[PDB]
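Shown here: data35.cif, mmCIF, C-alpha atoms.
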data_structure
loop_
_atom_site.label_atom_id
_atom_site.label_comp_id
_atom_site.auth_asym_id
_atom_site.auth_seq_id
_atom_site.Cartn_x
_atom_site.Cartn_y
_atom_site.Cartn_z
CA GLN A 1 -23.63 -223.12 8.43
CA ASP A 2 -26.96 -224.76 7.61
CA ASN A 3 -27.53 -228.35 8.54
CA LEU A 4 -28.63 -230.83 5.89
CA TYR A 5 -32.32 -230.35 6.67
CA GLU A 6 -32.00 -226.61 6.07
CA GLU A 7 -30.08 -227.19 2.83
CA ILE A 8 -32.92 -229.36 1.52
CA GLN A 9 -35.46 -226.70 2.54
CA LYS A 10 -33.45 -223.98 0.77
CA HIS A 11 -33.52 -226.01 -2.48
CA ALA A 12 -37.19 -227.04 -2.29
CA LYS A 13 -38.60 -224.25 -4.45
CA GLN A 14 -35.91 -224.78 -7.10
CA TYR A 15 -37.27 -228.29 -7.79
CA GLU A 16 -40.98 -227.50 -7.43
CA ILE A 17 -43.15 -227.97 -10.53
CA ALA A 18 -46.73 -226.79 -10.82
CA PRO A 19 -49.32 -229.22 -12.21
CA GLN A 20 -50.42 -228.64 -15.80
CA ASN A 21 -54.08 -228.81 -16.77
CA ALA A 22 -55.63 -230.74 -19.61
CA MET A 23 -56.89 -228.59 -22.45
CA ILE A 24 -57.96 -228.68 -26.08
CA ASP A 25 -55.16 -227.06 -28.05
CA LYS A 26 -56.24 -225.15 -31.14
CA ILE A 27 -53.73 -227.17 -33.21
CA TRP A 28 -53.05 -230.39 -31.28
CA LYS A 29 -56.61 -230.82 -29.84
CA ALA A 30 -57.16 -232.88 -26.66
CA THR A 31 -54.06 -232.91 -24.43
CA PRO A 32 -53.88 -234.55 -20.97
CA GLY A 33 -52.84 -232.81 -17.81
CA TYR A 34 -49.56 -233.60 -16.07
CA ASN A 35 -48.75 -233.86 -12.36
CA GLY A 36 -46.63 -231.29 -10.59
CA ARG A 37 -44.25 -232.07 -7.76
CA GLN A 38 -42.92 -230.78 -4.46
CA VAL A 39 -39.98 -232.00 -2.40
CA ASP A 40 -40.77 -234.74 0.12
CA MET A 41 -38.71 -233.51 3.07
CA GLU A 42 -38.67 -236.77 5.02
CA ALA A 43 -37.72 -239.07 2.15
CA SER A 44 -35.15 -236.60 0.80
CA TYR A 45 -33.55 -236.19 4.23
CA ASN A 46 -33.43 -239.95 4.72
CA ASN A 47 -31.73 -240.37 1.33
CA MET A 48 -29.00 -237.80 2.08
CA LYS A 49 -28.32 -238.09 5.82
CA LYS A 50 -25.81 -240.97 5.59
CA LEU A 51 -23.44 -238.99 3.36
CA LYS A 52 -24.35 -235.77 5.23
CA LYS A 53 -24.40 -233.65 2.07
CA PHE A 54 -27.08 -232.23 -0.18
CA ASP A 55 -27.33 -234.08 -3.50
CA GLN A 56 -30.19 -233.17 -5.83
CA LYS A 57 -29.96 -236.67 -7.34
CA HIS A 58 -31.30 -238.00 -4.01
CA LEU A 59 -34.35 -235.73 -3.78
CA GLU A 60 -37.71 -237.47 -3.51
CA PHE A 61 -41.02 -235.85 -4.36
CA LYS A 62 -44.73 -235.80 -3.66
CA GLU A 63 -46.84 -235.36 -6.77
CA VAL A 64 -49.61 -232.79 -7.19
CA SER A 65 -52.66 -233.44 -9.39
CA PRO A 66 -53.92 -230.92 -11.93
CA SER A 67 -57.43 -229.50 -11.65
CA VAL A 68 -58.62 -230.22 -15.22
CA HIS A 69 -58.24 -233.78 -16.52
CA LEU A 70 -58.38 -235.40 -19.95
CA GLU A 71 -61.77 -236.91 -19.09
CA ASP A 72 -63.18 -233.40 -18.35
CA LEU A 73 -62.61 -232.23 -21.92
CA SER A 74 -65.24 -232.23 -24.60
CA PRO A 75 -64.83 -235.02 -27.18
CA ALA A 76 -61.80 -234.38 -29.39
CA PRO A 77 -58.96 -236.40 -30.96
CA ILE A 78 -55.73 -236.96 -29.05
CA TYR A 79 -52.55 -236.44 -31.06
CA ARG A 80 -50.00 -236.20 -28.27
CA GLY A 81 -49.20 -236.61 -24.64
CA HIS A 82 -48.42 -233.56 -22.59
CA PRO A 83 -45.55 -231.53 -24.11
CA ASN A 84 -43.65 -231.40 -20.79
CA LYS A 85 -43.87 -235.15 -20.14
CA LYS A 86 -40.56 -236.78 -21.08
CA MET A 87 -42.26 -239.85 -22.50
CA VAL A 88 -43.05 -241.24 -25.94
CA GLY A 89 -46.03 -243.46 -26.74
CA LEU A 90 -45.80 -246.33 -29.23
CA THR A 91 -48.77 -247.38 -31.35
CA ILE A 92 -48.90 -250.31 -33.75
CA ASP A 93 -51.82 -250.58 -36.21
CA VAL A 94 -52.57 -254.24 -36.97
CA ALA A 95 -54.58 -255.52 -39.92
CA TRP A 96 -51.79 -257.70 -41.41
CA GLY A 97 -48.12 -258.49 -40.86
CA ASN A 98 -48.51 -261.60 -38.67
CA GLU A 99 -44.97 -262.74 -39.45
CA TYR A 100 -43.47 -259.69 -37.69
CA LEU A 101 -45.62 -259.75 -34.53
CA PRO A 102 -43.55 -262.31 -32.56
CA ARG A 103 -40.29 -260.41 -33.13
CA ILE A 104 -41.88 -257.06 -32.28
CA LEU A 105 -43.29 -258.55 -29.07
CA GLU A 106 -39.83 -259.94 -28.19
CA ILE A 107 -38.19 -256.54 -28.73
CA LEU A 108 -40.78 -254.86 -26.51
CA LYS A 109 -40.17 -257.52 -23.83
CA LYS A 110 -36.38 -257.02 -24.04
CA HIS A 111 -36.81 -253.30 -23.35
CA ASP A 112 -39.66 -253.73 -20.82
CA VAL A 113 -41.63 -251.29 -23.00
CA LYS A 114 -45.31 -251.37 -23.90
CA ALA A 115 -47.05 -250.39 -27.12
CA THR A 116 -50.75 -250.03 -27.86
CA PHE A 117 -51.78 -252.55 -30.53
CA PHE A 118 -54.77 -251.20 -32.46
CA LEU A 119 -56.49 -254.24 -33.94
CA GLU A 120 -58.70 -254.38 -37.00
CA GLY A 121 -61.78 -256.41 -36.12
CA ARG A 122 -61.79 -258.61 -39.22
CA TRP A 123 -58.10 -259.30 -38.60
CA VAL A 124 -58.85 -260.47 -35.03
CA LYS A 125 -61.63 -262.74 -36.28
CA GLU A 126 -59.27 -264.35 -38.81
CA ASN A 127 -56.17 -264.41 -36.54
CA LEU A 128 -57.44 -265.17 -33.05
CA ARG A 129 -54.17 -266.75 -31.95
CA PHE A 130 -52.14 -263.65 -32.88
CA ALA A 131 -54.59 -261.40 -31.02
CA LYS A 132 -54.16 -263.71 -28.02
CA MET A 133 -50.36 -263.61 -28.48
CA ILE A 134 -50.38 -259.82 -28.09
CA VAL A 135 -52.33 -259.79 -24.84
CA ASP A 136 -50.43 -262.80 -23.48
CA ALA A 137 -47.32 -260.63 -23.84
CA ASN A 138 -49.08 -258.23 -21.41
CA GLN A 139 -49.69 -255.62 -24.13
CA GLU A 140 -52.83 -253.54 -24.44
CA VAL A 141 -55.10 -253.58 -27.46
CA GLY A 142 -57.27 -250.94 -29.05
CA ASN A 143 -59.91 -250.65 -31.76
CA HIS A 144 -58.82 -250.08 -35.39
CA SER A 145 -62.32 -250.38 -37.00
CA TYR A 146 -63.65 -253.62 -38.47
CA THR A 147 -62.75 -253.45 -42.18
CA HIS A 148 -60.38 -250.43 -42.43
CA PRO A 149 -62.80 -248.14 -44.32
CA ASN A 150 -62.41 -244.39 -44.69
CA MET A 151 -64.45 -243.52 -41.61
CA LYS A 152 -64.67 -239.83 -42.52
CA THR A 153 -67.03 -240.71 -45.37
CA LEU A 154 -69.09 -243.38 -43.61
CA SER A 155 -72.62 -242.88 -42.41
CA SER A 156 -73.13 -242.64 -38.66
CA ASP A 157 -74.75 -246.09 -38.73
CA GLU A 158 -71.69 -247.57 -40.43
CA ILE A 159 -69.33 -245.85 -37.96
CA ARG A 160 -71.28 -247.31 -35.05
CA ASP A 161 -71.31 -250.79 -36.62
CA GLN A 162 -67.56 -250.71 -37.37
CA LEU A 163 -66.72 -249.70 -33.80
CA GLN A 164 -69.18 -252.04 -32.07
CA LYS A 165 -68.34 -255.17 -34.08
CA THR A 166 -64.65 -254.58 -33.46
CA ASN A 167 -65.06 -254.17 -29.69
CA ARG A 168 -67.16 -257.32 -29.47
CA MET A 169 -64.52 -259.26 -31.42
CA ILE A 170 -61.56 -257.86 -29.46
CA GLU A 171 -63.17 -258.39 -26.08
CA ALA A 172 -64.16 -261.98 -26.93
CA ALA A 173 -60.66 -262.78 -28.20
CA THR A 174 -58.57 -261.01 -25.53
CA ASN A 175 -60.87 -260.47 -22.50
CA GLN A 176 -59.63 -256.86 -22.28
CA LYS A 177 -61.77 -253.73 -22.17
CA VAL A 178 -61.07 -251.37 -25.08
CA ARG A 179 -60.18 -247.79 -24.13
CA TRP A 180 -58.63 -246.41 -27.32
CA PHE A 181 -59.66 -246.17 -30.98
CA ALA A 182 -57.31 -245.38 -33.87
CA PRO A 183 -58.98 -244.23 -37.14
CA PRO A 184 -57.87 -246.06 -40.29
CA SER A 185 -55.36 -243.86 -42.13
CA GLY A 186 -56.04 -241.12 -39.57
CA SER A 187 -59.23 -240.25 -41.42
CA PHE A 188 -62.05 -238.95 -39.24
CA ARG A 189 -64.66 -236.27 -38.73
CA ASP A 190 -66.19 -234.94 -35.53
CA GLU A 191 -69.00 -237.52 -35.61
CA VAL A 192 -66.44 -240.36 -35.58
CA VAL A 193 -64.86 -238.91 -32.44
CA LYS A 194 -68.25 -238.42 -30.78
CA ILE A 195 -69.47 -241.94 -31.56
CA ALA A 196 -66.19 -243.42 -30.32
CA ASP A 197 -66.71 -241.42 -27.11
CA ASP A 198 -70.22 -242.89 -26.86
CA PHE A 199 -68.48 -246.29 -26.72
CA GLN A 200 -66.20 -244.89 -23.96
CA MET A 201 -63.15 -244.76 -26.24
CA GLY A 202 -60.77 -241.91 -26.86
CA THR A 203 -59.70 -241.30 -30.45
CA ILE A 204 -55.92 -241.62 -30.87
CA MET A 205 -53.91 -240.06 -33.71
CA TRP A 206 -50.12 -239.54 -33.68
CA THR A 207 -47.40 -236.93 -33.93
CA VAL A 208 -44.59 -238.98 -35.53
CA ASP A 209 -45.38 -241.21 -38.52
CA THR A 210 -42.75 -243.82 -39.38
CA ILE A 211 -44.38 -244.33 -42.82
CA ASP A 212 -43.11 -247.88 -42.38
CA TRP A 213 -45.72 -249.32 -44.76
CA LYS A 214 -43.63 -247.84 -47.61
CA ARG A 215 -40.82 -250.26 -46.67
CA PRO A 216 -38.12 -247.67 -45.92
CA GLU A 217 -34.63 -248.77 -45.10
CA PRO A 218 -34.47 -249.37 -41.32
CA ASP A 219 -31.94 -246.57 -40.79
CA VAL A 220 -34.08 -244.17 -42.82
CA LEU A 221 -37.00 -244.98 -40.51
CA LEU A 222 -34.85 -244.60 -37.39
CA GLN A 223 -33.53 -241.21 -38.52
CA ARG A 224 -37.03 -240.02 -39.44
CA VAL A 225 -38.24 -240.80 -35.92
CA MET A 226 -35.28 -239.25 -34.14
CA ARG A 227 -35.58 -236.08 -36.24
CA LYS A 228 -39.25 -235.66 -35.25
CA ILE A 229 -39.46 -237.01 -31.71
CA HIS A 230 -40.39 -234.74 -28.81
CA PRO A 231 -41.79 -234.99 -25.26
CA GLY A 232 -45.26 -236.50 -25.44
CA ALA A 233 -44.84 -237.81 -28.99
CA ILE A 234 -47.05 -240.64 -30.24
CA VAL A 235 -45.28 -242.80 -32.84
CA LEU A 236 -47.31 -244.67 -35.49
CA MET A 237 -45.99 -248.05 -36.72
CA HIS A 238 -47.28 -251.23 -38.35
CA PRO A 239 -46.03 -254.83 -38.27
CA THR A 240 -43.51 -254.43 -41.09
CA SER A 241 -39.97 -255.49 -41.87
CA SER A 242 -38.81 -251.86 -41.55
CA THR A 243 -40.31 -251.43 -38.09
CA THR A 244 -39.11 -254.84 -36.89
CA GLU A 245 -35.52 -254.16 -38.01
CA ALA A 246 -35.47 -250.65 -36.53
CA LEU A 247 -37.44 -251.04 -33.29
CA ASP A 248 -34.69 -252.36 -30.98
CA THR A 249 -32.31 -249.53 -31.89
CA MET A 250 -35.15 -247.00 -31.86
CA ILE A 251 -36.11 -247.78 -28.28
CA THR A 252 -32.46 -247.78 -27.20
CA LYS A 253 -31.90 -244.34 -28.74
CA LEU A 254 -35.10 -242.92 -27.25
CA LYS A 255 -34.08 -244.06 -23.78
CA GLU A 256 -30.59 -242.61 -24.33
CA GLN A 257 -32.23 -239.23 -25.03
CA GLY A 258 -33.99 -239.44 -21.66
CA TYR A 259 -37.44 -240.60 -22.76
CA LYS A 260 -39.60 -243.13 -21.04
CA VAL A 261 -41.26 -245.28 -23.71
CA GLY A 262 -44.69 -246.84 -23.25
CA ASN A 263 -48.18 -247.39 -24.52
CA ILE A 264 -51.04 -244.90 -24.83
CA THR A 265 -52.56 -245.61 -21.41
CA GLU A 266 -49.16 -245.02 -19.82
CA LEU A 267 -48.31 -241.97 -21.93
CA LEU A 268 -51.53 -240.12 -21.11
CA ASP A 269 -51.28 -240.86 -17.37
CA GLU A 270 -50.85 -237.74 -15.25
CA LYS A 271 -48.12 -239.42 -13.16
CA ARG A 272 -44.67 -237.92 -13.64
CA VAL A 273 -41.83 -239.82 -15.31
#
Before anything else, please render the file you have as structure tokens.
Amino acid sequence: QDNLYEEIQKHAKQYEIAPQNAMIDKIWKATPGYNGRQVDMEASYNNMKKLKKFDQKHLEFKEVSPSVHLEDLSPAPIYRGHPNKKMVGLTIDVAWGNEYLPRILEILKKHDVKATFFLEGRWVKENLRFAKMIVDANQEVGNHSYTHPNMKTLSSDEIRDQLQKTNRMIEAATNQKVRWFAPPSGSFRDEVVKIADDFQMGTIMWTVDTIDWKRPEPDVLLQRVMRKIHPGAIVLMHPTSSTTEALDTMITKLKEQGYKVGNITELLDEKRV
């Protein structure tokens, strides 16, 4: 009946996905947009013409940008990636735990996965070689304040000083520009978010807390994560024994469920997985 080209045409709408716009969710606050897609006729045809049969596995796509982007939103915290993006973001808050950093970095290398390392400024100052170790492993770093105060109760001057001192220390020690800020203990108010934005940083929270600082059994941590994970989840960890013992299996199980796993910059990208 139809030739292969017509069969691909007939299936094009079935695999089309509209782009999704960024918005500020009443509950989850600032959420990125996510690319849509349409069938690339030429690449799809070229992938199927040797076997002369339609195979959806061999479709290729052109992506379609949304109209409203994360950077268009008013300042607001980011808890999650887009809920249709089959990706999980890993964040690691670092103010201690040097002895676990090399193993964590090796596990990430083994899986070719990235995590955002949010660094406390005083920790960087006192542990320059470990800060360098993280970026030498090709991992991105973010701002975790300078002394881990409760930023919700700080004056605006103190918020500005905490953020600025930390960025100066991180950028001197790693030569990387800082894009992301993680509040200590997740404690913030609107003025924290606005001042972080004045330093050109988004404020990153999470949706899945490992609570690894309580030293759970590794399997208890793994099960906690798998019970709570979802598309666009951001997972909060620290350099702990629990995280280090669970991380290899955790990434394996996430990939088995169909998730891409990456850092915050990758998670919030509009590009499709």
Might you pull out every residue within 10 Å of stretch 159-169 of chain A, with all atoms listed in the file counted and same-chain residues fewer than 5 positions away left off, and present them as a ChimeraX atom specification?
-> /A:119-125,128,142-154,174-179,181,191-193,195-196,198-199,201
Name every residue that the PyMOL selection byres ((chain A and resi 238) around 12) selects in this structure, writing the answer as an MDAnalysis selection string with chains first and numbers rising.
-> chainID A and resid 90:101 104 115:120 144 184:185 209:215 235:237 239:244 246:247
Just say which residues the PyMOL selection byres ((chain A and resi 19-31) around 12) picks in this file, as a PDB file with C-alpha atoms, in the frame of the given file.
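For reference, selection.pdb as written:
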ATOM      1  CA  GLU A  16     -40.980-227.500  -7.430  1.00  0.00           C
ATOM      2  CA  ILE A  17     -43.150-227.970 -10.530  1.00  0.00           C
ATOM      3  CA  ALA A  18     -46.730-226.790 -10.820  1.00  0.00           C
ATOM      4  CA  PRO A  32     -53.880-234.550 -20.970  1.00  0.00           C
ATOM      5  CA  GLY A  33     -52.840-232.810 -17.810  1.00  0.00           C
ATOM      6  CA  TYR A  34     -49.560-233.600 -16.070  1.00  0.00           C
ATOM      7  CA  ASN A  35     -48.750-233.860 -12.360  1.00  0.00           C
ATOM      8  CA  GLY A  36     -46.630-231.290 -10.590  1.00  0.00           C
ATOM      9  CA  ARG A  37     -44.250-232.070  -7.760  1.00  0.00           C
ATOM     10  CA  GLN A  38     -42.920-230.780  -4.460  1.00  0.00           C
ATOM     11  CA  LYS A  62     -44.730-235.800  -3.660  1.00  0.00           C
ATOM     12  CA  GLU A  63     -46.840-235.360  -6.770  1.00  0.00           C
ATOM     13  CA  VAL A  64     -49.610-232.790  -7.190  1.00  0.00           C
ATOM     14  CA  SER A  65     -52.660-233.440  -9.390  1.00  0.00           C
ATOM     15  CA  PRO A  66     -53.920-230.920 -11.930  1.00  0.00           C
ATOM     16  CA  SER A  67     -57.430-229.500 -11.650  1.00  0.00           C
ATOM     17  CA  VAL A  68     -58.620-230.220 -15.220  1.00  0.00           C
ATOM     18  CA  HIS A  69     -58.240-233.780 -16.520  1.00  0.00           C
ATOM     19  CA  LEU A  70     -58.380-235.400 -19.950  1.00  0.00           C
ATOM     20  CA  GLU A  71     -61.770-236.910 -19.090  1.00  0.00           C
ATOM     21  CA  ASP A  72     -63.180-233.400 -18.350  1.00  0.00           C
ATOM     22  CA  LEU A  73     -62.610-232.230 -21.920  1.00  0.00           C
ATOM     23  CA  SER A  74     -65.240-232.230 -24.600  1.00  0.00           C
ATOM     24  CA  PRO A  75     -64.830-235.020 -27.180  1.00  0.00           C
ATOM     25  CA  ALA A  76     -61.800-234.380 -29.390  1.00  0.00           C
ATOM     26  CA  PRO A  77     -58.960-236.400 -30.960  1.00  0.00           C
ATOM     27  CA  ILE A  78     -55.730-236.960 -29.050  1.00  0.00           C
ATOM     28  CA  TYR A  79     -52.550-236.440 -31.060  1.00  0.00           C
ATOM     29  CA  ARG A  80     -50.000-236.200 -28.270  1.00  0.00           C
ATOM     30  CA  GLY A  81     -49.200-236.610 -24.640  1.00  0.00           C
ATOM     31  CA  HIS A  82     -48.420-233.560 -22.590  1.00  0.00           C
ATOM     32  CA  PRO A  83     -45.550-231.530 -24.110  1.00  0.00           C
ATOM     33  CA  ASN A  84     -43.650-231.400 -20.790  1.00  0.00           C
ATOM     34  CA  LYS A  85     -43.870-235.150 -20.140  1.00  0.00           C
ATOM     35  CA  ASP A 190     -66.190-234.940 -35.530  1.00  0.00           C
ATOM     36  CA  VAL A 193     -64.860-238.910 -32.440  1.00  0.00           C
ATOM     37  CA  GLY A 202     -60.770-241.910 -26.860  1.00  0.00           C
ATOM     38  CA  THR A 203     -59.700-241.300 -30.450  1.00  0.00           C
ATOM     39  CA  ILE A 204     -55.920-241.620 -30.870  1.00  0.00           C
ATOM     40  CA  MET A 205     -53.910-240.060 -33.710  1.00  0.00           C
ATOM     41  CA  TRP A 206     -50.120-239.540 -33.680  1.00  0.00           C
ATOM     42  CA  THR A 207     -47.400-236.930 -33.930  1.00  0.00           C
ATOM     43  CA  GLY A 232     -45.260-236.500 -25.440  1.00  0.00           C
ATOM     44  CA  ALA A 233     -44.840-237.810 -28.990  1.00  0.00           C
ATOM     45  CA  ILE A 234     -47.050-240.640 -30.240  1.00  0.00           C
ATOM     46  CA  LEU A 267     -48.310-241.970 -21.930  1.00  0.00           C
ATOM     47  CA  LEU A 268     -51.530-240.120 -21.110  1.00  0.00           C
ATOM     48  CA  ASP A 269     -51.280-240.860 -17.370  1.00  0.00           C
ATOM     49  CA  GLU A 270     -50.850-237.740 -15.250  1.00  0.00           C
ATOM     50  CA  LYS A 271     -48.120-239.420 -13.160  1.00  0.00           C
ATOM     51  CA  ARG A 272     -44.670-237.920 -13.640  1.00  0.00           C
TER      52      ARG A 272
END
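Against the coordinates shown, the PyMOL selection byres ((chain A and resi 53) around 12) returns residues 2, 3, 4, 5, 6, 7, 8, 44, 45, 46, 47, 48, 49, 50, 51, 52, 54, 55, 56, 57, 58 and 59 of chain A.
Nearest residue to residue A:106, choosing from A:218, A:129, A:136, A:158 and counting all atoms listed in the file: A:136.
In this model, the gap between atom CA of residue A:253 and atom CA of residue A:138 comes to 23.3 Å.
Of note, atom CA of residue A:188 and atom CA of residue A:263 are spaced 21.9 Å apart.
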Identify the residues within 9 Å of coordinate (-42.5, -251.6, -23.3) (same frame as the file), considering only C-alpha atoms, and give the answer as a PyMOL selection string.
-> chain A and resi 90+107-115+139+251+261-263
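Nearest to residue A:227 of all the residues A:132, A:41, A:254, A:157 is A:254, based on only C-alpha atoms.
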To one decimal place, how far is atom CA of residue A:89 from atom CA of residue A:231 in Å?
-> 9.6 Å
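Using only C-alpha atoms, the nearest neighbour of residue A:222 within the list A:1, A:250, A:266, A:256 is A:250.
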In terms of the shortest atom-to-atom distance over all atoms listed in the file, which of A:228, A:259, A:40, A:134 is closest to residue A:273?
-> A:259
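Taking all atoms listed in the file into account, residue A:219 lies nearest to A:249 out of the set A:249, A:194, A:140, A:131.
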